[PDB]
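Accompanying notes for the structure given below.
Numbering (the entry's author numbering), first residue to last: 730 to 851.
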């Protein structure tokens, strides 16, 4: 999981992003996708049932007091939910991986957006 005071809910609009690399490629489909900019106050944690982990301090990481969180696919179903300037937590059914929301991982397609391929904290 992680907590973050998000302050920009970007545009669920049609852009052009990457395409799965190396193998048979296709058109950079004009995907109605989006992202968000969210300030950080405490980083990742541990799924501690009734408790949580410790909110990791961003002090040792001057880069991106905020974070660039992207949305395609099923994430589409959260566009309306958030309202910027408010704090939200992301919980994750999946293997633990701190140092998470700074650069693209490996547990999905290596598809990166037009300008936020690795821009700040993709």
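Just so you know, even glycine gets a beta-carbon here, dropped at the ideal spot from N, CA and C.
Pair within 9 Å by beta-carbon distance, residue 767 and residue 743: Their beta carbons are not under 9 Å apart, which means residue 767 does not touch residue 743 by this criterion.
Do the CB positions of residue 811 and residue 758 come within less than 9 Å of each other? For residue 811 and residue 758, no; Cβs fall outside 9 Å.
DSSP three-state label for residue 841, please. Reduced to three states, the DSSP call for residue 841 is coil.
Curious, which full-length beta strand (DSSP E) runs of at least 3 residues does the segment 746-829 contain? As far as the segment 746-829 is concerned, its whole beta strand (DSSP E) runs of at least 3 residues are 760-773, 797-800 and 815-819.
Using alpha carbons as the reference points, say which of 788, 764, 827 and 772 lies closest to residue 806. Taking only the C-alpha atoms, the option nearest residue 806 is 764.
Exposure label - residue 773; buried when at least 16 CB within 10 Å: Buried, since its Cβ has 16 or more Cβ neighbours within 10 Å.
Sorted by chain position, which residues of the same chain lie with C-beta nearer than 6 Å to residue 791's C-beta, five sequence neighbours on each side aside? Within its own chain, no residue has a Cβ closer than 6 Å to the Cβ of residue 791 once the five positions on either side in sequence are excluded.
Which residues in the same chain have their Cβ closer than 6 Å to the Cβ of residue 771, if we skip the five residues on either side of it in sequence? Sequence-distant partners of residue 771 (beyond 5 residues in either direction) whose C-beta falls short of 6 Å from its own C-beta, in its chain, are 732 and 784.
Exposed or buried, residue 843, counting other C-beta atoms within 10 Å across all chains shown (16 or more means buried)? Exposed, by the Cβ-count rule.
For residue 738, three-class secondary structure by DSSP: The answer is strand: DSSP assigns residue 738 an E or B state.
My understanding is that residue 804 touches residue 749, with C-beta atoms under 8 Å, so please give their C-beta distance in whole angstroms. With a beta-carbon spacing of about 18 Å, residue 804 and residue 749 fall beyond the 8 Å limit used to define contacts.
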